[PDB]
Each structure stands twice: as structure tokens, then as C-alpha cells.
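Asks: Contents are compact mmCIF, C-alpha atoms and all ligand atoms; file name start.txt:
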# COMPACT_ATOMS: atom_id res chain seq x y z
CA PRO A 1 59.89 37.48 30.57
CA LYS A 2 61.84 35.11 28.32
CA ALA A 3 63.53 32.19 30.13
CA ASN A 4 67.25 32.61 30.91
CA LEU A 5 68.11 29.63 28.77
CA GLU A 6 66.30 31.23 25.84
CA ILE A 7 68.06 34.54 26.41
CA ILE A 8 71.48 32.88 26.35
CA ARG A 9 70.67 30.68 23.35
CA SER A 10 69.59 33.87 21.55
CA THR A 11 73.15 35.22 21.74
CA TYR A 12 74.49 32.24 19.73
CA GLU A 13 71.76 30.47 17.70
CA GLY A 14 70.81 33.08 15.07
CA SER A 15 72.61 35.31 12.58
CA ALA A 16 75.52 37.41 13.72
CA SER A 17 73.27 40.48 13.73
CA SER A 18 70.44 38.87 15.72
CA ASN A 19 73.01 37.38 18.16
CA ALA A 20 74.67 40.79 18.75
CA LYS A 21 71.40 42.65 19.25
CA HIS A 22 70.16 39.97 21.63
CA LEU A 23 73.35 40.15 23.70
CA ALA A 24 73.28 43.98 23.94
CA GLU A 25 69.63 43.93 25.03
CA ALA A 26 70.43 41.48 27.83
CA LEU A 27 73.69 42.87 29.32
CA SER A 28 73.43 44.62 32.69
CA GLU A 29 75.02 48.04 32.92
CA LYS A 30 77.95 46.82 35.08
CA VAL A 31 78.27 43.33 33.51
CA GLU A 32 81.66 41.81 34.31
CA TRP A 33 83.00 39.98 31.26
CA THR A 34 86.13 37.85 31.49
CA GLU A 35 88.08 36.54 28.53
CA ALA A 36 90.60 33.81 29.41
CA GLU A 37 94.06 35.08 30.26
CA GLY A 38 95.75 33.06 27.48
CA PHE A 39 93.23 34.15 24.84
CA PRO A 40 94.43 37.15 22.83
CA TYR A 41 91.68 39.40 24.25
CA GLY A 42 92.17 38.15 27.79
CA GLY A 43 91.06 40.34 30.62
CA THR A 44 88.00 41.50 32.54
CA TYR A 45 85.83 44.20 31.03
CA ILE A 46 82.99 46.07 32.74
CA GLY A 47 80.02 47.15 30.67
CA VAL A 48 79.03 46.79 27.03
CA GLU A 49 81.19 49.51 25.58
CA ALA A 50 84.45 47.98 26.94
CA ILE A 51 83.31 44.52 25.80
CA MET A 52 82.70 45.78 22.29
CA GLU A 53 85.93 47.64 21.93
CA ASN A 54 88.24 45.06 23.50
CA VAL A 55 86.56 41.81 22.45
CA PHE A 56 83.89 41.68 19.76
CA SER A 57 85.31 44.37 17.49
CA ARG A 58 88.64 42.47 17.41
CA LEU A 59 87.01 39.10 16.75
CA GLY A 60 85.46 40.80 13.70
CA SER A 61 88.51 42.71 12.51
CA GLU A 62 91.40 40.28 13.09
CA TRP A 63 89.73 37.04 11.95
CA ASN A 64 87.69 35.85 9.05
CA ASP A 65 84.53 33.95 9.91
CA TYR A 66 85.08 33.82 13.65
CA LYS A 67 82.32 31.52 14.91
CA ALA A 68 81.12 30.18 18.24
CA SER A 69 78.96 27.03 18.02
CA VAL A 70 77.33 25.55 21.15
CA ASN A 71 77.01 21.79 21.63
CA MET A 72 75.39 21.77 25.08
CA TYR A 73 73.61 24.21 27.33
CA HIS A 74 73.40 23.38 31.03
CA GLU A 75 71.07 24.87 33.61
CA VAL A 76 72.71 24.89 37.05
CA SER A 77 70.71 23.79 40.11
CA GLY A 78 70.28 26.49 42.72
CA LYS A 79 71.75 29.28 40.59
CA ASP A 80 70.79 31.59 37.73
CA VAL A 81 73.73 30.20 35.77
CA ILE A 82 73.81 28.78 32.26
CA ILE A 83 76.94 26.92 31.11
CA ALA A 84 77.56 26.44 27.38
CA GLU A 85 80.00 23.90 25.94
CA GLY A 86 81.02 24.78 22.40
CA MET A 87 83.60 25.15 19.67
CA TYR A 88 85.22 28.16 18.08
CA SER A 89 86.54 28.30 14.58
CA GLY A 90 87.98 30.98 12.34
CA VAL A 91 90.86 32.10 10.16
CA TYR A 92 93.47 34.52 11.50
CA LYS A 93 93.84 37.20 8.84
CA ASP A 94 97.57 37.83 9.21
CA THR A 95 98.61 34.17 8.84
CA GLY A 96 95.76 32.65 6.87
CA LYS A 97 95.66 29.77 9.37
CA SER A 98 92.37 28.28 10.43
CA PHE A 99 91.74 26.76 13.89
CA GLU A 100 89.15 24.99 15.99
CA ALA A 101 89.16 25.31 19.78
CA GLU A 102 86.76 24.06 22.42
CA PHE A 103 85.25 26.44 24.92
CA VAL A 104 83.02 26.70 27.92
CA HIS A 105 81.12 29.91 28.68
CA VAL A 106 79.70 30.48 32.14
CA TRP A 107 76.84 33.00 32.20
CA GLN A 108 75.26 34.45 35.36
CA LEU A 109 72.01 36.35 35.33
CA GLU A 110 70.06 38.50 37.82
CA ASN A 111 66.42 39.18 37.07
CA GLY A 112 67.00 38.05 33.48
CA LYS A 113 69.96 40.40 32.81
CA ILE A 114 73.43 39.07 32.15
CA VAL A 115 75.65 40.22 35.03
CA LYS A 116 78.70 37.96 34.48
CA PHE A 117 80.34 36.11 31.66
CA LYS A 118 83.48 33.99 31.77
CA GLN A 119 85.30 32.28 28.91
CA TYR A 120 87.28 29.07 29.22
CA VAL A 121 89.03 28.15 25.96
CA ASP A 122 91.72 25.87 24.51
CA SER A 123 93.88 28.90 23.94
CA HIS A 124 96.97 27.07 22.68
CA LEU A 125 95.11 26.29 19.52
CA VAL A 126 93.99 29.91 19.06
CA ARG A 127 97.58 31.09 19.60
CA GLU A 128 98.98 28.54 17.17
CA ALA A 129 96.79 30.08 14.42
CA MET A 130 98.34 33.46 15.19
CA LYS A 131 101.96 32.20 14.76
CA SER A 132 103.47 32.90 11.38
CA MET B 1 72.35 3.37 47.13
CA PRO B 2 75.31 5.34 45.76
CA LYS B 3 76.60 8.55 47.35
CA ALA B 4 75.47 11.80 45.77
CA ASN B 5 77.15 12.88 42.54
CA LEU B 6 78.40 16.09 44.06
CA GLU B 7 79.95 14.22 47.00
CA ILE B 8 81.67 11.74 44.70
CA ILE B 9 83.14 14.45 42.46
CA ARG B 10 84.23 16.67 45.35
CA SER B 11 86.08 13.67 46.82
CA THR B 12 88.34 13.67 43.76
CA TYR B 13 89.61 17.18 44.48
CA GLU B 14 89.18 18.16 48.11
CA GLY B 15 91.74 15.87 49.74
CA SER B 16 95.45 15.31 49.32
CA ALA B 17 96.68 13.96 46.04
CA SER B 18 96.75 10.43 47.51
CA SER B 19 93.17 10.37 48.73
CA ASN B 20 91.92 12.22 45.63
CA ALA B 21 93.49 9.45 43.53
CA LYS B 22 91.99 6.71 45.66
CA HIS B 23 88.57 8.31 45.44
CA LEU B 24 88.77 8.81 41.69
CA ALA B 25 89.88 5.20 41.06
CA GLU B 26 87.00 3.96 43.24
CA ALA B 27 84.46 6.04 41.26
CA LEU B 28 85.54 5.54 37.64
CA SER B 29 83.33 3.21 35.68
CA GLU B 30 84.94 0.45 33.70
CA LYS B 31 83.63 2.12 30.49
CA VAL B 32 84.76 5.68 31.32
CA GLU B 33 85.81 7.89 28.45
CA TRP B 34 88.06 10.75 29.44
CA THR B 35 88.92 13.69 27.20
CA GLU B 36 91.86 16.01 27.76
CA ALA B 37 91.77 19.25 25.74
CA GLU B 38 93.50 19.01 22.38
CA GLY B 39 95.90 21.86 23.12
CA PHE B 40 96.79 20.52 26.56
CA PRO B 41 100.02 18.41 26.45
CA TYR B 42 98.09 15.20 27.26
CA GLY B 43 95.24 15.98 24.83
CA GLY B 44 93.21 13.06 23.59
CA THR B 45 90.41 10.71 24.54
CA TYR B 46 91.24 7.76 26.77
CA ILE B 47 89.06 4.72 27.39
CA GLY B 48 89.27 3.08 30.81
CA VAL B 49 91.30 3.81 33.92
CA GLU B 50 94.53 2.19 32.76
CA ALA B 51 94.73 4.51 29.71
CA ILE B 52 93.76 7.51 31.84
CA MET B 53 96.52 6.82 34.34
CA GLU B 54 99.12 6.11 31.65
CA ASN B 55 98.42 9.13 29.52
CA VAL B 56 97.17 11.70 32.03
CA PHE B 57 97.72 11.30 35.78
CA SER B 58 101.01 9.44 35.63
CA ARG B 59 102.44 12.31 33.51
CA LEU B 60 100.94 15.08 35.69
CA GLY B 61 102.81 13.36 38.50
CA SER B 62 106.08 12.65 36.72
CA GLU B 63 106.58 15.74 34.58
CA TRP B 64 105.52 18.43 37.10
CA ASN B 65 106.13 19.41 40.71
CA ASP B 66 103.01 19.91 42.74
CA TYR B 67 100.49 19.81 39.91
CA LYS B 68 97.23 20.87 41.52
CA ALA B 69 93.60 21.38 40.49
CA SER B 70 91.88 23.78 42.85
CA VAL B 71 88.07 24.10 42.43
CA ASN B 72 86.36 27.47 42.83
CA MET B 73 82.80 26.38 41.97
CA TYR B 74 81.01 23.11 41.89
CA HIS B 75 77.86 23.10 39.82
CA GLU B 76 75.22 20.43 39.55
CA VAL B 77 73.09 20.42 36.46
CA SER B 78 69.34 20.37 37.21
CA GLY B 79 67.76 17.02 36.40
CA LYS B 80 70.99 15.50 35.06
CA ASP B 81 73.86 13.38 36.37
CA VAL B 82 76.38 16.05 35.39
CA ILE B 83 78.74 17.98 37.68
CA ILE B 84 80.71 20.95 36.31
CA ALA B 85 83.71 22.28 38.23
CA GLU B 86 85.35 25.69 37.61
CA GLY B 87 88.86 25.96 38.96
CA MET B 88 92.53 26.77 38.59
CA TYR B 89 95.56 24.59 37.90
CA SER B 90 98.99 25.32 39.22
CA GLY B 91 102.33 23.54 39.03
CA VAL B 92 105.96 23.72 38.04
CA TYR B 93 107.18 21.99 34.91
CA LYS B 94 110.20 19.89 35.95
CA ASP B 95 112.25 20.26 32.74
CA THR B 96 112.08 24.10 32.70
CA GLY B 97 111.46 24.95 36.35
CA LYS B 98 108.70 27.33 35.23
CA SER B 99 105.49 27.76 37.18
CA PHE B 100 102.06 28.40 35.75
CA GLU B 101 98.46 29.04 36.64
CA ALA B 102 95.60 28.22 34.25
CA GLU B 103 91.79 28.33 34.53
CA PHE B 104 89.81 25.14 33.81
CA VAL B 105 86.35 23.73 33.65
CA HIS B 106 85.77 20.02 34.07
CA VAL B 107 82.53 18.43 32.91
CA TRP B 108 81.75 15.14 34.67
CA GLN B 109 78.97 12.72 33.78
CA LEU B 110 77.90 9.82 35.98
CA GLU B 111 75.58 6.84 35.73
CA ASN B 112 74.29 5.44 38.99
CA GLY B 113 77.23 6.70 41.01
CA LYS B 114 80.04 5.84 38.61
CA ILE B 115 81.90 8.35 36.42
CA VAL B 116 81.26 7.57 32.77
CA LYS B 117 82.63 10.74 31.09
CA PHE B 118 85.07 13.53 31.84
CA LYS B 119 85.95 16.49 29.66
CA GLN B 120 88.65 19.07 30.34
CA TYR B 121 88.53 22.68 29.18
CA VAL B 122 91.71 24.59 30.02
CA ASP B 123 93.65 27.81 29.22
CA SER B 124 96.24 25.66 27.52
CA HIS B 125 98.40 28.49 26.23
CA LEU B 126 99.54 29.16 29.77
CA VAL B 127 100.37 25.51 30.36
CA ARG B 128 102.36 25.35 27.14
CA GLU B 129 104.27 28.52 27.99
CA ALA B 130 105.62 26.84 31.16
CA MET B 131 106.98 24.02 28.99
CA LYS B 132 109.13 26.23 26.77
CA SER B 133 112.82 26.42 27.52
NA NA C 201 69.19 27.16 37.70
NA NA C 202 104.86 15.57 40.71
Rewrite the coordinates I just gave you, this time as C-alpha cells.
Ligand code: NA
Ligand code: NA

Replies:
Amino acid sequence: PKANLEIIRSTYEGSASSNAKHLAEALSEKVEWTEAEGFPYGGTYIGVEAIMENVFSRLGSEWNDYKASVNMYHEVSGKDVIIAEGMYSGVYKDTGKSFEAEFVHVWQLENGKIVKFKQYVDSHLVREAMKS
Amino acid sequence: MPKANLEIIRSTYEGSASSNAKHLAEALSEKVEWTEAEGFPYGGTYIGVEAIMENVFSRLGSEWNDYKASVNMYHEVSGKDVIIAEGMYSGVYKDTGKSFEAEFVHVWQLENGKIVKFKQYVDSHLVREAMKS
């Protein structure tokens, strides 16, 4: 099997299509996916179909060029956990305002499947781009 | 020999505010660079303890009641002098009387037992909402 670090990098480091396919291939059936409360898509979603409807489809439809760029990956001692420090950027369609916001994503894997994801994000900056 | 990284970082959260502060001051390197998230009210990068206290901790103390950072997971990065803490802030903003809760991650880097870098990630919208009249 591919290393966990490689699996996680594969959800960010390629084209949008390769990233999306890689993520879907790696998600466990009952993956628990948490967007930060202050982020517009905040909440916890169980399974790929809820994640697509409530999160990724909206990142595509409400923003132009929504992008997540990782600056560091960290492998956690004594866990199957990968922590990514990164930056988001994008333009909110309704306002035309661009933003940048720093994030951390905490990924947990079991037997090489992604079983948990949690977003931490500088949500004030995201929300400011949404303000007319 | 210095104490373990994990021990040092835990000692900055797991006591009362007064001992946490003592422990942090004792562990900060002279060259520490400390970054608060841009969208957090005290956003910026601060060099050295004096700047950190002036711009960050003094204001957490003076502008809020019972500002607290509660850690839910401590992580140590394999083969690196990096500790990552996941947790929750809580507090009441004095000027509005509003309470908040917000999720954070803190990324700490050390060199030979002294903290050389800190970086805050925080759900800043929720903090900012408590500050609105
Ligand atoms: Na590990
Ligand atoms: Na106070």
C-alpha cells in the first residue's frame, strides 16, 4: 500500500481532478469530516456523499478558483495522523472579493483509509470576503 | 539536559494562568518568533517575549474575562522538535459581555528545550463575533 503521507499529499498536490479522485478513493465509508464552525460550510458530515453536497460542491459553485495550498505536512508520533499547514485563496462570486486564509487540516487514517478530517481555518478572513 | 518538548509545552497550558505564564516565560527563547492569526484581533508576528506580552498575552488578560486555551490533543511530530496542540478557546469579551468558543491549533517549534516559534490557527470569525456590540 501507498504510505499515508503520500495518500494525503495526493489529495492536494495534483490537479483538481486528480486530487478529487484520490480523496474519494481513500475515504472510509463512515468518514467523519468536520468543517470549522465559523467557516461557511461548518459542521460535521458523515460519508462521501454528505461531504460532496455540503462542502466541495459549494467550494466549486460559490467561489472562483478556490484553492488549498499546503506548506507543511507533519507525521504524528504514535498515531496514524497527518497534519497539514496551508493557505486557502479564492474569490467569492457574489462580492468579487478575493481572500487568503491560513488553515490546518488534521487527517486520521485506519489501515490506509481516511476515517476523520478536521479543518481549522482563519474564518474571519473568509467571512470578510463574503461581506458586500 | 532539557526536559522533553512535550512536557515543556504541556506546562504552558495545564496549570492555572499564573503557572502557565511562568512556565511559558521560562521556556521562550530570546529569539522566539510568535505568529497570531491574521484574522484574530492580535494578528501579527512578534519577535521576543516583550513584544509577545505587549501585543498578545497582556491584551488577552486585559480585554477579556477568563480567556482560556483548553487542549484536547497534544501531538509530537516524529523526528522533529515540533509539538502541535488542538484545542478550544473560551472567554468573555469585556466591552460587550459576550462569550465565545473557538477551535484552535497551535504549532510550536523548539531548539534544545527552548521555544523558537509559535503559530496560531483559530476559528477567528467566532472570536470577532464576540467583539461586536
Ligand atoms: Na505516525
Ligand atoms: Na482577564

Asks: List all protein, DNA and RNA residues that have at least one atom no more than 7 Å from any atom of ligand NA 201 (chain C), counting all atoms listed in the file, and write them as a count of residues only.

Replies: 8

Asks: With distances taken over only C-alpha atoms, which residue among A:68, A:59, A:121, A:52 lies nearest chain B?

Replies: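 The answer is A:121, which sits nearest to chain B.
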
Asks: Got a sec to check which residues lie within 8 Å of ligand NA 202 (chain C), using all atoms listed in the file, and send them as a list in words?

Replies: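 Final answer, ordered by chain and number: residues 60, 61, 62, 63, 64, 65, 66 and 67 of chain B.
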
Asks: Could the residues in this selection be saved with C-alpha atoms as a PDB file, in the frame of the given file?

Replies:
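Just written: selection33.pdb:
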ATOM      1  CA  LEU B  60     100.940  15.080  35.690  1.00  0.00           C
ATOM      2  CA  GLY B  61     102.810  13.360  38.500  1.00  0.00           C
ATOM      3  CA  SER B  62     106.080  12.650  36.720  1.00  0.00           C
ATOM      4  CA  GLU B  63     106.580  15.740  34.580  1.00  0.00           C
ATOM      5  CA  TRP B  64     105.520  18.430  37.100  1.00  0.00           C
ATOM      6  CA  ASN B  65     106.130  19.410  40.710  1.00  0.00           C
ATOM      7  CA  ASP B  66     103.010  19.910  42.740  1.00  0.00           C
ATOM      8  CA  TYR B  67     100.490  19.810  39.910  1.00  0.00           C
TER       9      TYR B  67
END

Asks: Return the neighbours of chain A among the residues of chain B, cut-off 12 Å, counting only C-alpha atoms, as a ChimeraX atom specification.

Replies: /B:6,35-41,43,73-88,100-107,119-129

Asks: Rounded to one decimal, what separation in Å do you get between atom CA of residue A:89 and atom CA of residue A:41?

Replies: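 Calculated distance between atom CA of residue A:89 and atom CA of residue A:41 is 15.6 Å.
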